[PDB]
């Protein structure tokens, strides 16, 4: 019988530690189309233009790159591309943070969001704006440690939670890191912003490859 979703429902954004100062200085994650002051790109360039044109067919609309993106799992396929040095970025997974919030925190804050049931660039992805539709997602595929096949699982593992334009830092509940050295560098950075929320910093090696 099919796994239900966790409540609260965690959402996960991976970023390079060299971006954490910018996030704290702005007080928010910014969508790609808001030109975040990032220091490090961990993306594939060749899938960027698809996200700049992929229309979001739920209000508030626009395109995928109008939204701050999250997965419903850690240890994403995107992280595997980074871990394996397939990206232009060659720093590997160790400096990649998982920033963790929940879908309910976003709804409670009244921020406009949408979410998908699969990788968002796919033309057959479904989009939702009601948290009751989390039932439409495949929680087995989202939680799978082996995702490369079959193809439906690979697609559904990459269901996304999308928050329009910006995501306030105060909604982050945990920063998860690969190593004790990265956790210590994260706390150093949080201490430079003594008025910012300070989420717990947890080493979760099992969220990495």
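Residue numbers count along the first chain shown, from 1. We call the rigid core whatever largest set of C-alpha positions still superposes within 1.5 Å between the two forms.
Problem - Rigid core superposition result in 5 other deposited structures of this protein, more deviant of 149-157, 177-185 by Cα - result: Per-stretch check in 5 other deposited structures of this protein: the more divergent one is 149-157.
Exercise for the section: Name the stretch that deviates more in 5 other deposited structures of this protein: 165-173, or 139-147? Use RMS CA distance to the shown form, core superposed. Expected result: Farther from the shown form on average in 5 other deposited structures of this protein: 139-147.
Practice task
Please confirm whether residue 50, modelled here, goes without coordinates in at least one third of the other compared entries that cover both its neighbours.
Solution key: Yes; at least one third of the other entries leave residue 50 out.
Problem - Mean temperature factor over C-alpha atoms, higher-scoring stretch between 59-67 and 28-36 - result: According to the entry, 59-67 carries the higher average C-alpha B-factor.
Problem - 6-14 set against 183-191, stretch whose average Cα temperature factor tops the other in the entry - result: Higher mean C-alpha B-factor: 183-191.
Problem - Ranked C-alpha temperature factor of residue 157 among modelled chain residues, by third - result: Lowest third.
Exercise for the section: Rank-wise, by C-alpha B-factor, drop residue 167 into the lowest, middle or highest third of its chain. Expected result: Tercile = lowest for this residue's CA B-factor.
Handout entry: Chain thirds of CA B-factor: placement of residue 44
Key = Bottom third by C-alpha B-factor.
Handout entry: CA B-factor ranking of residue 72, expressed as a third of its chain
Key = Lowest third.
Handout entry: Lowest, middle or highest third - CA B-factor, residue 130
Key = Answer is highest: the recorded C-alpha B-factor places it there.
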